[PDB]
Structures are given as structure tokens and as C-alpha cells.
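Colleague: One structure follows; several queries about it will come next.
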Amino acid sequence: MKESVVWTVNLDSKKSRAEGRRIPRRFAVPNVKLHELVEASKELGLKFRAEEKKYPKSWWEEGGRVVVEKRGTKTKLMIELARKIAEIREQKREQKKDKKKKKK
């Protein structure tokens with residue numbers, strides 16, 4: 001029973017503070033990917049949420065937005081969001097197209 005707003009650029013180091021970033025680079029993942037934001041919540045099945053506006057509709061990289069449970073927390077929530085999200089990006093680094101499906 002807690003709600004906190006999270007952004008795609010908020011946990012992105014590639015974007016500047018004006019661009020929409022407000023998280024410490026020490027725990028910020030560049031190129032906010034749905035896989036890191038959504039896959040982290042999938043681990044608990046309930047904690048984060050991501051919804052894109054109908055305006056852009058379809059699938060586009062124009063930017064998205066996510067909402068996570070917590071409420072009362074600020075960057076600390078973002079630090080924790082990066083804690084789970086950083087794993088997913090970190091998981092992508094461990095595996096690559098060569099070792100993703102068929103080995104060569």
C-alpha cells in the first residue's frame with residue numbers, strides 16, 4: 001500500500017538533470033530500458049509499474065514513465081530501484097548475442 005513516481009530518464013545517466021534526471025550516477029543505469037525497469041518488478045510480481053501515454057502509442061523510444069511502491073522515499077527509492085534495475089542491465093552484460101541463444 002505505497003506509491004512512488006519513477007521516470008525512464010530519472011534512472012538514466014545519459015540524460016542531463018534538465019533532461020529529466022535526478023539520481024546519483026553512482027547507482028544510475030544509462031539508457032533506461034524497459035527490460036531493467038519491468039524485469040525487476042517481475043522478480044517480486046508487485047513493486048514497480050510502467051505505463052506509456054496513448055499519444056505516442058505503438059512502440060517508440062520517445063521515453064516512458066514508471067510508478068513504484070514505497071511512498072515517503074525520494075532518491076533513496078531511486079537508489080533501490082537502481083539496485084534491482086542495475087542487476088538486469090548487469091545481466092545483459094554477462095550474456096551477449098554470441099552466448100544469448102546459439103554458441104559460436
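Please note that chains go A, B, ... in the order of the C-alpha cells, that every chain numbers its residues from 1, and that ligands are numbered from 1 in the order shown.
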Which residues are close to region 58-60 of chain A, i.e. within 12 Å by only C-alpha atoms, leaving aside same-chain residues fewer than 6 positions away? Reply as a VMD selection string.

Modeller: chain A and resid 33 to 34 51 to 52

Colleague: For the residues selected in the previous step, produce a file with C-alpha atoms as a PDB file, in the first residue's frame.

Modeller:
ATOM      1  CA  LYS A  33      15.457   0.072 -20.761  1.00  0.00           C
ATOM      2  CA  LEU A  34      12.018  -1.438 -20.128  1.00  0.00           C
ATOM      3  CA  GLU A  51       2.775   2.844 -18.468  1.00  0.00           C
ATOM      4  CA  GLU A  52       3.316   4.778 -21.726  1.00  0.00           C
TER       5      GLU A  52
END

Colleague: Pick out each residue of region 11-96 of chain A that DSSP on the backbone tags as alpha helix (DSSP H); I need them as an MDAnalysis selection string.

Modeller: chainID A and resid 34:44 75:94

Colleague: Restricted to C-alpha atoms, what would the selected residues look like written as a PDB file, in the first residue's frame?

Modeller:
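Full text of part-v5.pdb as output:
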ATOM      1  CA  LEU A  34      12.018  -1.438 -20.128  1.00  0.00           C
ATOM      2  CA  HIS A  35      13.778  -4.752 -19.509  1.00  0.00           C
ATOM      3  CA  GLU A  36      15.583  -3.384 -16.412  1.00  0.00           C
ATOM      4  CA  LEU A  37      12.572  -1.434 -15.137  1.00  0.00           C
ATOM      5  CA  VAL A  38       9.916  -4.116 -15.803  1.00  0.00           C
ATOM      6  CA  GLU A  39      12.044  -7.267 -15.211  1.00  0.00           C
ATOM      7  CA  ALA A  40      12.963  -6.012 -11.709  1.00  0.00           C
ATOM      8  CA  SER A  41       9.293  -5.829 -10.691  1.00  0.00           C
ATOM      9  CA  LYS A  42       8.657  -9.244 -12.267  1.00  0.00           C
ATOM     10  CA  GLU A  43      11.004 -10.681  -9.629  1.00  0.00           C
ATOM     11  CA  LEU A  44       8.510  -9.598  -6.929  1.00  0.00           C
ATOM     12  CA  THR A  75      16.355   9.370  -4.314  1.00  0.00           C
ATOM     13  CA  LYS A  76      16.761   6.519  -1.805  1.00  0.00           C
ATOM     14  CA  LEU A  77      13.879   4.806  -3.616  1.00  0.00           C
ATOM     15  CA  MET A  78      15.704   5.506  -6.869  1.00  0.00           C
ATOM     16  CA  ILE A  79      18.889   4.080  -5.371  1.00  0.00           C
ATOM     17  CA  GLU A  80      16.911   0.917  -4.519  1.00  0.00           C
ATOM     18  CA  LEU A  81      15.164   0.942  -7.934  1.00  0.00           C
ATOM     19  CA  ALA A  82      18.644   1.042  -9.473  1.00  0.00           C
ATOM     20  CA  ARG A  83      19.587  -1.756  -7.069  1.00  0.00           C
ATOM     21  CA  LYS A  84      17.186  -4.164  -8.848  1.00  0.00           C
ATOM     22  CA  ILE A  85      17.344  -2.467 -12.285  1.00  0.00           C
ATOM     23  CA  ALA A  86      21.168  -2.416 -12.171  1.00  0.00           C
ATOM     24  CA  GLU A  87      21.065  -6.205 -11.962  1.00  0.00           C
ATOM     25  CA  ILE A  88      19.022  -6.548 -15.150  1.00  0.00           C
ATOM     26  CA  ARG A  89      21.393  -4.246 -17.139  1.00  0.00           C
ATOM     27  CA  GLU A  90      24.191  -6.084 -15.333  1.00  0.00           C
ATOM     28  CA  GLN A  91      22.618  -9.364 -16.525  1.00  0.00           C
ATOM     29  CA  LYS A  92      22.675  -8.156 -20.136  1.00  0.00           C
ATOM     30  CA  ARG A  93      26.438  -7.537 -19.882  1.00  0.00           C
ATOM     31  CA  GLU A  94      27.129 -11.093 -18.640  1.00  0.00           C
TER      32      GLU A  94
END

Colleague: From the set A:104, A:54, A:74, A:96, which residue has the shortest atom-to-atom contact distance to residue 22 (chain A), counting only C-alpha atoms?

Modeller: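 With only C-alpha atoms as the atom set, the closest residue is A:74.
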
Colleague: So which residues touch residue 70 (chain A) within 6 Å, counting only C-alpha atoms, skipping near sequence neighbours fewer than 6 positions away, as a ChimeraX atom specification?

Modeller: /A:2-4

Colleague: Please, which residues of region 3-79 of chain A, numbered as in this document, come out strand (DSSP E or B) from DSSP, as a CSV table (one decimal) with N, CA, C and O atoms, in the first residue's frame?

Modeller:
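Result written to selection-v6.csv:
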chain,number,residue,atom,x,y,z
A,4,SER,N,5.0,5.5,-5.4
A,4,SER,CA,6.1,6.5,-5.7
A,4,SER,C,6.3,6.6,-7.2
A,4,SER,O,6.2,5.7,-7.9
A,5,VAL,N,6.5,7.8,-7.6
A,5,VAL,CA,6.7,8.0,-9.1
A,5,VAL,C,8.1,7.8,-9.5
A,5,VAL,O,9.1,8.3,-8.9
A,6,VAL,N,8.3,7.1,-10.6
A,6,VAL,CA,9.7,6.9,-11.1
A,6,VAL,C,9.7,7.2,-12.6
A,6,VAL,O,8.7,7.1,-13.3
A,7,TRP,N,10.8,7.7,-13.1
A,7,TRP,CA,10.8,8.0,-14.6
A,7,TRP,C,11.8,7.2,-15.4
A,7,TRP,O,12.8,6.6,-14.8
A,48,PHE,N,6.9,-2.2,-8.8
A,48,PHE,CA,7.1,-1.2,-9.8
A,48,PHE,C,6.0,-1.3,-10.9
A,48,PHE,O,5.4,-2.3,-11.1
A,49,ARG,N,5.8,-0.2,-11.6
A,49,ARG,CA,4.8,-0.2,-12.7
A,49,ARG,C,5.2,0.7,-13.8
A,49,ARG,O,5.8,1.8,-13.6
A,50,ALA,N,5.0,0.3,-15.1
A,50,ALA,CA,5.4,1.2,-16.2
A,50,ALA,C,4.2,1.4,-17.2
A,50,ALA,O,3.7,0.5,-17.6
A,65,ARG,N,7.5,6.2,-18.6
A,65,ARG,CA,7.4,6.6,-17.1
A,65,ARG,C,7.0,5.4,-16.3
A,65,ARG,O,6.2,4.6,-16.7
A,66,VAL,N,7.5,5.3,-15.1
A,66,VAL,CA,7.1,4.1,-14.2
A,66,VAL,C,6.8,4.6,-12.8
A,66,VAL,O,7.2,5.5,-12.3
A,67,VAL,N,5.9,3.8,-12.2
A,67,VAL,CA,5.5,4.1,-10.8
A,67,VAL,C,5.8,2.9,-9.8
A,67,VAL,O,5.5,1.8,-10.1
A,68,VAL,N,6.5,3.2,-8.7
A,68,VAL,CA,6.9,2.1,-7.8
A,68,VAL,C,6.3,2.2,-6.4
A,68,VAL,O,6.2,3.3,-5.9

Colleague: Expressed in Å to a single decimal, how great is the separation between CA of residue 63 (chain A) and CA of residue 19 (chain A)?

Modeller: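 Answer for the CA of residue 63 (chain A) to CA of residue 19 (chain A) separation: 11.0 Å.
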